[PDB]
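Heads up: the structure comes next, in C-alpha cells.
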Amino acid sequence: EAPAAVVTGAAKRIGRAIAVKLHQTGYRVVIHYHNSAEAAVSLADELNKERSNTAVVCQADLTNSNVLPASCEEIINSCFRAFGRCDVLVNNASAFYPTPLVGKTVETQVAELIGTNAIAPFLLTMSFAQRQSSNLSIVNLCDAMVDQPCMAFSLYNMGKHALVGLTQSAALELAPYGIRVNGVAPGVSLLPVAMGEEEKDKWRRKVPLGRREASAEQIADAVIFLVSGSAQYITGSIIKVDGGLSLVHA
Amino acid sequence: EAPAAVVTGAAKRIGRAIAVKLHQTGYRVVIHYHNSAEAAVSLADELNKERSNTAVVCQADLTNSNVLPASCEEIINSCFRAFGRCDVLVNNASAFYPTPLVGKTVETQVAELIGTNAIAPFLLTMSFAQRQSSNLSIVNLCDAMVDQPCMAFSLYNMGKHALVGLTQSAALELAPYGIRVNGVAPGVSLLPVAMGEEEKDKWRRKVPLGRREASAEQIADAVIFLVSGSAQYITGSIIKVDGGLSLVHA
Amino acid sequence: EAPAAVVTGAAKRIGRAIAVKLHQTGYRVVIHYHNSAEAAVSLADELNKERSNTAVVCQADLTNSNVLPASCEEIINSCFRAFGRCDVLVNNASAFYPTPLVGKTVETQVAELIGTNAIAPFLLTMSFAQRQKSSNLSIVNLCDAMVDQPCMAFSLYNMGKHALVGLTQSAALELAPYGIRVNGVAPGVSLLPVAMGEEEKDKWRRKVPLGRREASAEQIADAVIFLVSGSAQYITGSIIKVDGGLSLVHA
Amino acid sequence: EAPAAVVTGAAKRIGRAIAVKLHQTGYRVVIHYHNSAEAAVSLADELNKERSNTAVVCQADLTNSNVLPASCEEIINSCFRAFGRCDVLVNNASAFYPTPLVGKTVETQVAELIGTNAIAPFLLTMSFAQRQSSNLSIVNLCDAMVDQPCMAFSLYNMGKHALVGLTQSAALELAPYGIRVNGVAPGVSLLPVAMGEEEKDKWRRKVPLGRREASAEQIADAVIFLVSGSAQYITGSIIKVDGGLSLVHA
Ligand SMILES: NC(=O)c1ccc[n+]([C@@H]2O[C@H](COP(=O)([O-])OP(=O)(O)OC[C@H]3O[C@@H](n4cnc5c(N)ncnc54)[C@H](OP(=O)(O)O)[C@@H]3O)[C@@H](O)[C@H]2O)c1
Ligand SMILES: NC(=O)c1ccc[n+]([C@@H]2O[C@H](COP(=O)([O-])OP(=O)(O)OC[C@H]3O[C@@H](n4cnc5c(N)ncnc54)[C@H](OP(=O)(O)O)[C@@H]3O)[C@@H](O)[C@H]2O)c1
Ligand SMILES: NC(=O)c1ccc[n+]([C@@H]2O[C@H](COP(=O)([O-])OP(=O)(O)OC[C@H]3O[C@@H](n4cnc5c(N)ncnc54)[C@H](OP(=O)(O)O)[C@@H]3O)[C@@H](O)[C@H]2O)c1
Ligand SMILES: NC(=O)c1ccc[n+]([C@@H]2O[C@H](COP(=O)([O-])OP(=O)(O)OC[C@H]3O[C@@H](n4cnc5c(N)ncnc54)[C@H](OP(=O)(O)O)[C@@H]3O)[C@@H](O)[C@H]2O)c1
Ligand SMILES: COc1ccc(-c2c(-c3ccc(F)cc3)[nH]c3nc(N)nc(N)c23)cc1
Ligand SMILES: COc1ccc(-c2c(-c3ccc(F)cc3)[nH]c3nc(N)nc(N)c23)cc1
Ligand SMILES: COc1ccc(-c2c(-c3ccc(F)cc3)[nH]c3nc(N)nc(N)c23)cc1
Ligand SMILES: COc1ccc(-c2c(-c3ccc(F)cc3)[nH]c3nc(N)nc(N)c23)cc1
Numbered sequence: 002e003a004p005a006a007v008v009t010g011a012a013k014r015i016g017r018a019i020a021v022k023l024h025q026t027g028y029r030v031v032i033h034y035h036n037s038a039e040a041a042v043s044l045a046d047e048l049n050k051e052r053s054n055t056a057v058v059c060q061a062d063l064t065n066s067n068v069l070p071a072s073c074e075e076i077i078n079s080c081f082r083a084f085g086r087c088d089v090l091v092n093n094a095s096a097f098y099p100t101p102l103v113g114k115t116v117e118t119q120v121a122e123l124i125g126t127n128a129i130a131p132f133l134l135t136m137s138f139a140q141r142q151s152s153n154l155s156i157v158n159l160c161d162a163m164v165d166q167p168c169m170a171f172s173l174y175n176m177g178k179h180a181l182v183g184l185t186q187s188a189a190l191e192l193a194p195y196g197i198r199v200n201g202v203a204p205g206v207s208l209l210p211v212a213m214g215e216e217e218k219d220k221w222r223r224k225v226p227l228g229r230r231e232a233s234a235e236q237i238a239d240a241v242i243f244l245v246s247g248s249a250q251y252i253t254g255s256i257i258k259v260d261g262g263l264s265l266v267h268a
Numbered sequence: 002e003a004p005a006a007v008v009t010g011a012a013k014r015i016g017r018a019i020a021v022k023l024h025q026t027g028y029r030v031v032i033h034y035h036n037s038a039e040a041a042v043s044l045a046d047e048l049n050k051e052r053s054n055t056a057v058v059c060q061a062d063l064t065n066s067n068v069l070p071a072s073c074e075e076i077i078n079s080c081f082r083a084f085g086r087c088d089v090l091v092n093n094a095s096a097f098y099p100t101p102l103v113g114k115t116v117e118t119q120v121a122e123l124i125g126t127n128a129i130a131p132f133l134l135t136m137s138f139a140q141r142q151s152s153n154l155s156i157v158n159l160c161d162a163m164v165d166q167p168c169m170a171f172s173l174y175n176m177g178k179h180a181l182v183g184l185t186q187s188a189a190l191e192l193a194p195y196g197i198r199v200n201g202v203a204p205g206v207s208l209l210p211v212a213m214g215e216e217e218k219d220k221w222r223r224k225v226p227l228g229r230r231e232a233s234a235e236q237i238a239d240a241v242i243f244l245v246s247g248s249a250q251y252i253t254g255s256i257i258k259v260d261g262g263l264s265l266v267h268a
Numbered sequence: 002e003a004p005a006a007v008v009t010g011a012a013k014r015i016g017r018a019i020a021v022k023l024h025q026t027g028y029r030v031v032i033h034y035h036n037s038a039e040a041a042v043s044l045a046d047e048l049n050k051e052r053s054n055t056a057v058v059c060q061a062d063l064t065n066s067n068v069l070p071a072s073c074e075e076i077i078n079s080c081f082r083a084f085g086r087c088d089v090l091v092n093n094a095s096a097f098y099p100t101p102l103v113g114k115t116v117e118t119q120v121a122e123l124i125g126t127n128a129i130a131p132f133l134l135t136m137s138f139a140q141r142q143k151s152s153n154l155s156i157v158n159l160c161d162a163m164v165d166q167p168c169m170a171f172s173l174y175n176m177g178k179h180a181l182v183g184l185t186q187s188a189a190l191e192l193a194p195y196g197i198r199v200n201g202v203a204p205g206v207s208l209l210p211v212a213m214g215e216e217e218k219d220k221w222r223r224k225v226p227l228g229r230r231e232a233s234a235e236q237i238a239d240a241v242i243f244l245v246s247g248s249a250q251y252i253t254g255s256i257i258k259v260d261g262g263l264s265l266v267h268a
Numbered sequence: 002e003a004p005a006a007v008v009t010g011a012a013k014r015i016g017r018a019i020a021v022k023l024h025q026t027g028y029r030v031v032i033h034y035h036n037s038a039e040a041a042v043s044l045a046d047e048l049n050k051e052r053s054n055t056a057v058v059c060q061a062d063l064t065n066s067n068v069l070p071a072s073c074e075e076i077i078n079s080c081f082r083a084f085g086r087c088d089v090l091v092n093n094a095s096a097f098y099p100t101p102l103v113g114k115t116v117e118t119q120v121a122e123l124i125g126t127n128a129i130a131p132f133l134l135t136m137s138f139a140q141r142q151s152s153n154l155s156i157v158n159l160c161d162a163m164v165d166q167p168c169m170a171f172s173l174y175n176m177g178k179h180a181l182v183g184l185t186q187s188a189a190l191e192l193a194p195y196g197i198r199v200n201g202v203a204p205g206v207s208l209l210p211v212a213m214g215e216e217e218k219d220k221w222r223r224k225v226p227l228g229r230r231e232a233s234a235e236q237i238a239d240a241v242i243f244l245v246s247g248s249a250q251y252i253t254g255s256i257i258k259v260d261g262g263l264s265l266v267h268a
C-alpha cells in the first residue's frame, strides 16, 4: 500500500512542486490550500487522472486563532480519512509581507505571519504525532536568509526562526517514535511577475551559483531526499537550497 | 536629567536584578509585573527610598491576544507618563513550562509561551520605536541552550528562537534611528527553591565554569554592559552568560 | 563516458563506503590512502572486478608541510592520469586524537590535525579548481556535527573541522562562478571501532535520540551521494548533519 | 599588585587600543609585535612614562613553523619575566590578504594566515594555561563576517573559523582552572588610511548603525568588558562589535 503525505499551501509554486514530486515518487497526497481553490482542485484532478484515488484537497486558514488547533487537526484527519495513514507532513504554507516596526491591524499581522510560519506547523506536528516498515517524517520550509533578514519583515523572520526551533525541538522529542523532523531552506525562488525586471535581475545578480533563482523543482528535490530512505539517520537538519546566496556579504 | 528604562517581569529574580542595577547606574525604572503585585511595589518602594520619584510599577498580562498590542503600548506609555522619556527597554518576562507534542488548553499554551517570549517583545519594540545625544537600546532576554532544547519545551523554545529573529530584524530596521537591539542569553540561573538538592546538583555539575548556576547579578552585568556607552557600536549581538554550559555535549 | 571522483582516506570505514557508493552510482574512483595499502588495493581490485578499469589507488601523507601543495596537486593529477577528468572531490581523510592544552611533538600534532582536516582539503580544492580551468562538478567535505560542542582535549581537531566549515563556505562562494558546488556532510557518532570497549560503545549509542545507535558508513555515504547528484544542483555552501539528533541533546 | 596582559600585534591599530585600555584600567602589558618595532617600543615608552615599568615589548613572527611553539612560549615567558604573572592573553595579531583558489608561495600563505589567526593563538593558549581573587582570561579577536566571507580570502576565513573552535574548545577545557576564553568579532574597523575615502564610504554605507566603521576604542571596550569582573560567568562567548553589518543581506 502506498504512503500518504500532507502538503500545506500546495496549490501552486513550491508547495505544488513538492506535492507533484511526492506523488511521482508514489505518495498519495492531501493538497491543503487557503484561497487558491481552483488551482488545488485542478491539481487534484491532474494527479488523480494519473493514478486513481491518490489526491484530495483540504481547505484551511492557518492564521493564528482559538480555532487553529482544530483546523490543523482537520488537515491531518483528511489524510487519514482519505488514505488511512499519514506518513509525511510538509509545512510549506506561509504568509509573507512587510510588517514595519515604525492596511491590516498589527493583531492580524501577528496572527497571519506567526500562525502560518510557526504555530500551525507546531499544531500540525502535534496532530501528526498524536495519530501514530514505516518511514515517518516532517519537512519544514524554512528560510536560508533568516540571519540576514529583509528590511521590515520582522514578524516573518520571527516566524521562520521559530520554525527552526520547532524543527529542532520536534526532532528531539519525536525521535523516540521514529519520526524525523528536518527543514529545507530556500534562498530566492519563483520571483513574482508583479516584480520589475530591474529588481528581479538585481536579485538574480546576487546569487553566486548561476546568477539565477531556484526553480520550484530544485526545492522539491531537497524535500524528497529528506523523506526518502536515503535520509533515515537525518533528523534536526536544515538543508539550504540557495545557490550560495546566504554566503554573500553586503 | 536621568534616563528611564522599562524592565518587563521585573518584580523578582533576573528582572529585578536588571531593574536594580539600572537604577544604581542612574536610571529611573518602570517595573512591569503580571501576578507579583506585592514584590513589585516592594521593589519600587525600596528604589524610591534611595531616590525619590525614580520608580513606578505597571501591571500587564503579556499573553498573546487581540489586545496585547494596546497592553504593550500602555507599558511604553507608562514610562513617558512617569518620566517623560523612555531610553531603554529590557524584554525579560517569560512564561516557561512543558508543552509536550503527544490543564491549560493548547491555545492557552501557545498564547502564553509565544506571547511572552516573542510577540510581546515585538510589540513593546514597536511601541518603543514609535514614541521616540541619547543612548537608546533594547535588550532581549534570550536563551543560550536554544539549539539544544529541553525535552517537551517546544513552544518555549520556538518563542526564544523567534526572539533571536526579532533581535536581528529590529537591530537592522531600528539602526537608522539610533536604537541598538541586543540580547543576553543566560544558561541556568536561579534554581527554583522547590527543587531537591539532588536535581539542583545535577544541573550544577553540568556547568564547566565553577559547576554553579549564574547569579542574577551576573546576568544583569551583561545587560548593563549592553545598554552602556561601552557598547555603542554593538547591535544585533546576543551575549551568552552560561559558564560554558552550551558547549557541553551529551 | 563515466565521471570520476577522488575520495581521500578511502581504504577503510566511511571513505570506503563513499567510494563504493560513488562507484555503484557509475563513477570511476581514486581511492586515496596513507597507511592502509592492503585495504586500498583490495578495494580497487574488488571495484575493478565489478567494472574493469574504474578504480585506482593513490598513496599520500596529508600532514601539513611545505610539499603538501605538491602532494595534493598530484592526487588530483592522478585522477586525470587514470580517467581523463575529475568531477568530484570528497575530502574525507582525517587525523583524530586528543591534544590536551595542559609520543608526538606539538608541531607534529598541529601538522597532522590541521593538515588533514583543513589544509589538505584547501589545497586539494585549489588543485581541483585549477585543473578544471554535460558536467556536474562538486566537492563534499566531511565535517562534524558536534563542532560547537567539542570533545574535551580535542582542540586541534576541532579547530581543523571549524576551518573546514570556513573552506566550505569560502570555496562555495568563490568557485560558484565556475559551476563548482562545495558542500559538507557532518556525521555524528558513526561506525564505532569494533575494537573499542562495548561499554563505551553503548555509552555513546544511548545518547543518540534517533534509534539509540551510531550511523552506519552507508548512511553517511547516502548524504554524499545526494550532494554530488543532479538533485542537488542549486545546493552550494550547505552542510548536511547526519547525526540522528545527537547535536540537539543538551548536557 | 597589578595584573598583567599579553596583547599580540599590539604596536598599532586595534591591538594598540586594547593594550592602552588595559593599561589605563591598571594592567601591566606585554606589547607583542612583528615588524612595527618603532611603534611598539614607542608605545611601551609612553606607557612607562605614565607608570614606571608597566610595559615591555616582545618581538615574534607568529607564522606557523617548527619554531612557533617555542616563540609562543617565550612570549608568555616574557610576561612572567617582566611582571611575575600573566592574567590575560589577547590574541589579536593577524595576517590578512587575499589567497585565491585559482608573490608568496602557497605554503607561506598557509603558514602566515593559519599561523597568525589560529595556530599561534592555540600555542599561546597552551603556554598560558601551562604557567598558571584571580580573574584569568583569554580574548580572541575573531571576525563577525566569518559566515559571509570576502571573495578570495579562504585561508584567512579558515583561520578565523579555526579561532572560533579554539575559543570554544579552550573555554570547555580551561574552565576547571578558572580561565575564561571568549572572543570579540569586529565588523569593519580602522579602515586602511591609504584606501580612498570614496572606497571607504562604499563600506561605511553598508553599516546599519551610523554608516560608520568601529573605532579601535569601541572594539577594545568589548575586550575590557570580557576581562572584567562584570564577565566572570562568561566563557565560550563571542561578542560581535559590528554595528549591524553581518545582518545585512547581499
Ligand atoms: N519563494 C522563495 O524564494 C522562498 C524563500 C525563502 C523561503 N521560502 C519558503 O518556502 C515555502 C514556499 O514558498 P512560496 O514562495 O512557494 O510560498 P508562497 O507562494 O508565498 O505561499 C505558499 C502558500 O501559502 C499559503 N498561505 C498563505 N497564507 C495562508 C493562510 N493564512 N492560511 C493558509 N495558507 C496560507 C497560500 O495558499 P493559497 O494560495 O491557497 O491562498 C500560498 O499559496 C514558504 O514556507 C516560504 O516561506 C520561499
Ligand atoms: N533562569 C534561567 O535559568 C534562564 C535560562 C535561560 C533564559 N532565561 C531567560 O531570562 C529571563 C529571566 O529568567 P527568570 O528565571 O528570572 O524568569 P521567570 O522568573 O521564569 O519569569 C520572569 C517574570 O516573567 C513574568 N511573566 C510570566 N508570565 C507572564 C505573562 N503571561 N505576562 C506577563 N508577565 C509574565 C513573571 O511576572 P510576575 O511574577 O509578575 O507574574 C515573572 O516574574 C527570561 O526571559 C528567561 O527565559 C532564564
Ligand atoms: N566516525 C565518526 O563518528 C565521525 C564523526 C564526525 C566526523 N567524522 C568525519 O568523517 C570523516 C570520516 O570518518 P572516519 O571515522 O571514517 O575517519 P577515520 O577512520 O578516522 O579516518 C579516515 C582515514 O583518514 C586517513 N588519514 C588519517 N591521517 C592521515 C594522513 N596524515 N594523511 C592522509 N590520510 C590520513 C586514514 O587513512 P589510512 O587508513 O590509509 O592511513 C584513515 O583511514 C572524517 O573527516 C571525520 O572527521 C566522522
Ligand atoms: N580591522 C577590521 O575591520 C577587522 C575586521 C574583522 C576582524 N578583525 C580582527 O581584529 C584584530 C585586529 O584587527 P587589525 O585591523 O587591528 O589587525 P591588523 O592591523 O591587520 O594586524 C594587526 C597586527 O598583526 C600583526 N601580525 C601580522 N602578521 C604577523 C605575523 N606573521 N607574525 C606576528 N604578528 C603579525 C602585525 O604586527 P606588526 O605591525 O608588528 O608587524 C599587525 O600590526 C585582528 O585579529 C583582525 O583579524 C579586524
Ligand atoms: C525577489 O523575489 C522574492 C522575494 C522574496 C521571496 C520570499 C522569501 C524570501 C525571504 C528572504 C529572502 F532574502 C529572500 C526570499 N520568503 C518567502 N516566503 C513566502 N511565503 N513567499 C515568498 N514569496 C517568499 C520570494 C521571491
Ligand atoms: C534547573 O533549574 C532551572 C531550569 C530552567 C530554568 C529556565 C530556563 C532554562 C532553559 C533551558 C536550559 F537548558 C536551562 C534553563 N529558561 C527559563 N525561562 C524562564 N522564563 N524561566 C526559567 N526558570 C527558565 C531555570 C532554572
Ligand atoms: C564513540 O566512538 C567514536 C568517537 C569518535 C569518533 C570520531 C569523531 C567524533 C567527534 C566528536 C563527536 F562528538 C563524535 C564523534 N570524529 C572523528 N573523526 C575522525 N577522523 N575519526 C573518528 N573516528 C571520529 C567516532 C567514533
Ligand atoms: C574596508 O576596510 C577593511 C577591510 C577589511 C578589514 C579586515 C577584516 C575584514 C574581514 C571581513 C570583512 F567583511 C570586513 C573586514 N579582517 C581583517 N583582519 C585583519 N588582521 N586586518 C584587517 N585590516 C581586517 C579591515 C578594513
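Residue numbers (the entry's author numbering), protein chains in the order written: chain A, 2 to 103, 113 to 142, 151 to 268; chain C, 2 to 103, 113 to 142, 151 to 268; chain B, 2 to 103, 113 to 143, 151 to 268; chain D, 2 to 103, 113 to 142, 151 to 268. Even for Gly, the Cβ is constructed at its ideal location relative to N, Cα and C.
### Cβ-heavy atom distance, residue 146 of chain A to ligand 5, below 7 Å
Gap note for chain A: numbering proceeds from 142 to 151 with nothing in between, so residue 146 of chain A has no coordinates.
### Beta-carbon neighbours of C/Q140, restricted to chain A and to distances below 9 Å
Within the second sequence, numbered from 1, the residue matching residue 140 of chain C stands at position 130. Under the 9 Å cutoff, chain A gives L102 and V103.
### Task
Would you check if there are 3 or more beta carbon pairs closer than 8 Å linking the stretch 131–141 of chain B to the stretch 67–75 of chain B?
yes
#### Entry: Buried/exposed call for B/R82, threshold 16 Cβ in 10 Å
Locating residue 82 of chain B in the third sequence gives position 81, where the first residue counts as 1. With fewer than 16 other Cβ atoms within 10 Å, it is exposed.
### Task
Give a yes or no on whether the minimum CB-CB distance between C/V266 and chain D is below 8 Å.
Counting from 1 along the second sequence, the entry for residue 266 of chain C is found at position 248. Output row for C/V266: interface = yes.
### Task
Flag this pair as yes or no: are the beta carbons of D/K224 and A/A268 separated by less than 8 Å?
Along the fourth sequence, read from residue 1 onward, the residue named residue 224 of chain D stands at position 206. Along the first sequence, read from residue 1 onward, the residue named residue 268 of chain A stands at position 250. Cβ atoms of D/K224 and A/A268: closer than 8 Å.
### Query
Looking at the unbroken beta strand (DSSP E) that takes in C/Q25, where does it start and where does it end?
To locate residue 25 of chain C, count along the second sequence from 1; it is residue 24. From DSSP, C/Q25 is part of no beta strand (DSSP E) but of the alpha helix (DSSP H) over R14 to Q25.
### Reduced DSSP secondary structure (H/G/I, E/B, other) of B/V199
For the purposes of this step, residue 199 of chain B is taken as residue 182 along the third sequence, with counting starting at 1. Three-state DSSP puts B/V199 in a strand.
### Message
Residues in the same chain with beta-carbon distance under 6 Å from D/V57, minus the five sequence neighbours each way, listed in chain order, please.
### Response
Mapped onto the fourth sequence, residue 57 of chain D falls at position 56. Excluding sequence neighbours, D/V57 sits near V31 and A83.
### Task
Determine the burial state of B/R29: buried for a count of at least 16 other Cβ atoms within 10 Å of its Cβ, exposed for fewer.
Locating residue 29 of chain B in the third sequence gives position 28, counting from the first residue. Per the 10 Å Cβ criterion, buried.
### Message
Taking 7 Å as the cut-off, is the C-beta of D/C168 nearer than that to any heavy atom in ligand 8?
### Response
Residue mapping note: residue 168 of chain D aligns to position 150 of the fourth sequence, counting from 1. Yes, the Cβ of D/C168 comes within 7 Å of a heavy atom of ligand 8.
### Task
Specify the secondary structure class of A/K258 as computed by DSSP and reduced to three states.
Position 240 of the first sequence, counting from 1, holds the residue named residue 258 of chain A. Note: A/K258 maps to strand in three-state DSSP.
### Message
Less than 6 Å between C-beta atoms, sequence neighbours within five positions excluded: which residues of the same chain meet that for C/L244?
### Response
Taking the second sequence and counting its residues from 1, the one referred to as residue 244 of chain C is at position 226. Within the same chain, C/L244 has close Cβ partners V157 and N200.
### Message
Output needed for C/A180: all residues of its chain with C-beta closer than 6 Å, excluding positions within five of it in sequence on either side, in chain order.
### Response
The residue given as residue 180 of chain C occupies position 162 in the second sequence. If we look at C/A180 and ignore the five residues flanking it on each side, its Cβ neighbours are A128.
### Query
Going by C-alpha distance, which of C/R222, C/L102 and C/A121 is nearest C/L63?
The sequence position of residue 63 of chain C within the second sequence is 62, counting from 1. Among C/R222, C/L102 and C/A121, the Cα nearest to that of C/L63 belongs to C/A121.
#### Entry: Touching by the beta-carbon criterion (3+ pairs, under 8 Å), the stretch 249–263 of chain D and the stretch 254–261 of chain C
yes
### Query
Taking one C-beta from the stretch 201–219 of chain D and one from the stretch 202–220 of chain C each time, how about it: are there three or more such pairs within less than 8 Å?
no
### Query
Would you say the beta carbon of A/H267 comes nearer than 7 Å to a heavy atom of ligand 5?
On the first sequence, residue 267 of chain A is found 249 positions in, with the first residue counted as 1. Answer for A/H267: no, Cβ out of range of ligand 5.
### Query
So, D/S187 versus B/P101, is the Cβ gap smaller than 8 Å?
Position 169 of the fourth sequence, counting from 1, holds the residue named residue 187 of chain D. Position 100 of the third sequence, counting from 1, holds the residue named residue 101 of chain B. Taking 8 Å as the Cβ cut-off, D/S187 and B/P101 do not qualify as a contacting pair.
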